[PDB]
Each structure stands twice: as structure tokens, then as C-alpha cells.
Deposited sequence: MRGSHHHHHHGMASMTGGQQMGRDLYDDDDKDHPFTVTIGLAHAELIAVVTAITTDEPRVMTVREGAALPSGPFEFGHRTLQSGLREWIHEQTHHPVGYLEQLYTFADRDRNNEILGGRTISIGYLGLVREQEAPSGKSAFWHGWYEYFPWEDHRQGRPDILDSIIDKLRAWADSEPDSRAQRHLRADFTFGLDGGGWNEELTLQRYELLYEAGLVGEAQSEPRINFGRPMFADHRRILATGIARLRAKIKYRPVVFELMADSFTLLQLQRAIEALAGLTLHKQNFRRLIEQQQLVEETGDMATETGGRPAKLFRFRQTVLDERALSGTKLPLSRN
């Protein structure tokens, strides 16, 4: 009334949404990949992005400290998600590698650990996925291709880097508690909000990192054997690696060097440590 026009040059309407910083801090203990959690393993360390926070990273470092009091080293940004409660909440995830001084990855993602063959839980997951892919005929062919590429429903090799794609398919198929399907079906331990979605991106990032350049000095002690180096990468990838081919990748990437002490002990080169100190949190990558 009294001319309240639609758009107005002297009026700017700004949309706001909740900004949540979420932390995926990973450590390797007893050849088991383990993630920092709060609320008795139901949530990741998280907190809102506030005015007093100088940066996103420094803001998350305060929440990690207040909620865990566990020191963290370098951080790298993962993925940014809109809520699926696309409305009110924007979540920003970060990955960190530390030495444990905690819950396991495969408590939340038991189907991702193939170190001792395929997990038998995958038979039930595939059975539910085939029923969902066959539920609507016009989308049957595409859903079978997605389920084959991710889980290998009608065959197809297992790709460990597709942790996120596998969790997104289970969510769309209503096979995880976070989807909240009418008959609730769930595999693995669920988490608060979409924290398992965040964790999936951290597992995918680490696995993609260790396949072409395993810069994991923060996960190891200062000295280690090459077989200890293989055991922890095998724990991260959820696969058993070939000895000969793993030795070639490490020497090819000039990552480690002999310390002279005794199997031979190795340490990551100082150049690898110095480059990481200057690379920041927005690393040049190929996927994320």
C-alpha cells in the first residue's frame, strides 16, 4: 500500500543461512583408521562460523579445541554442502591428519573395508539396491549403472575412491538412517545431521591423496619401516596393497629417505614437510 513495488534499487534483500564448520580429524592407531568424534560418537566436531572468527580454518580450530582439546596440525578444506532437511544450513568440512594421543572409520562405513575380502554386509546392501533399482522401470537401467559403478551390483571392479558416491546412492535409495525412509533401513552407524556425508568426503579425499602422492607424515611417527607405511595406507584405502608396486610408488614420489637406524627405518623428506607448510588449505587436486 502506498506503492510498495516488487524490486527496489534502494532496498537490498540479503539471504542468510546457517554456516557450520565441520572437522574430520583422522588418525591411524593399531592399523585402524579412526576419526575424531563428539557426543559419544554420534557427531563430528563442529560449530557455527561467527563474526569473531578471523578465517574459516581458525574458527573450526576453536571448535576442535573447545570440544576435544586434542591438538591438530594442518587442515585442508573438503566439500561444501547444503542441507537436506538446500534451505537453512550450509556445511563446510575440513580434513586433518594427526597422531592419536576416537571411533573407527568402519564403524560408520563397514562396507568400505575390503582388507580381508569383501565384507559380507555387502550382500545385503546389494540385495536392497537391486530391489530399489528395479522398483521403477524407466529408471532401472540408469540405477543399475550407478549401483554397478559404485557397489558392483551386476559385476564391475571395486573402486575405493568412490566412498562419497556410494553413500549418496544409499541415501537416495533410503538405505541409511539419515534418509529417514518410511520403513527405516540403515547400514553402519548413523551420525547427527549429514556428518556421515562429511566423513565420506574425508575418506574419499584421503584415499585419492594416497593413490598418487601419500603425504601422510602427520599420521606416522617420525621414523617408520616401509611395511609399517604400507599397513597404514592399507588401513586408509581399505584394501591390501601389492608389496612390489607400493615400493615403486614411494620411491617414484621421492617422499621418504633412510634414517640409518634399524627392517630399515624411513622418514619423510624435509622438502615434503616444507612444501606442506606453504600450501595452505585449498590444495591443488583433481577431484574435490
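If you line the structure up with the deposited chain, the stretches without a C-alpha atom are 1-25, 111-116, 133-141, 303-310.
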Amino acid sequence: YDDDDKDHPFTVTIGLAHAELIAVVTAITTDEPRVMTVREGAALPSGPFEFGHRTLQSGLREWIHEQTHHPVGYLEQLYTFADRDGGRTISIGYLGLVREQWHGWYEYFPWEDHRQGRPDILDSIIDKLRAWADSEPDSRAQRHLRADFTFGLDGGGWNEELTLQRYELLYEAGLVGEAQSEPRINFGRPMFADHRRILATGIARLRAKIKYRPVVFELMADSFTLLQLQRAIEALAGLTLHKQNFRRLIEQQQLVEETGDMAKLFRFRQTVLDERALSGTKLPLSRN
From here on, numbers count along this sequence of modelled residues.
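Averaged over Cα atoms, the B-factor as recorded in the entry is higher for 146-154 than for the other of 146-154 and 68-76. In this entry, the higher average B-factor at the C-alpha atoms falls on 178-186, of the pair 134-142 and 178-186. By the numbers in the PDB entry, the CA B factor is greatest at 230 among 230, 26, 46, 58. Between the residues 22, 16, 19, 265, it is 265 that shows the highest Cα B-factor in the PDB record.
Per the PDB record, residue ranking by Cα B-factor puts residue 51 in the middle third of the chain. For residue 212, the recorded CA temperature factor ranks within the highest third of the chain's modelled residues. In the PDB entry, a CA B factor belonging to the lowest third of its chain's modelled residues is recorded for residue 201. Sort the chain's modelled residues by C-alpha temperature factor and residue 88 lands in the middle third, per the entry. Ranked against the other modelled residues of its chain, the C-alpha B-factor of residue 98 as given in the entry falls in the highest third.
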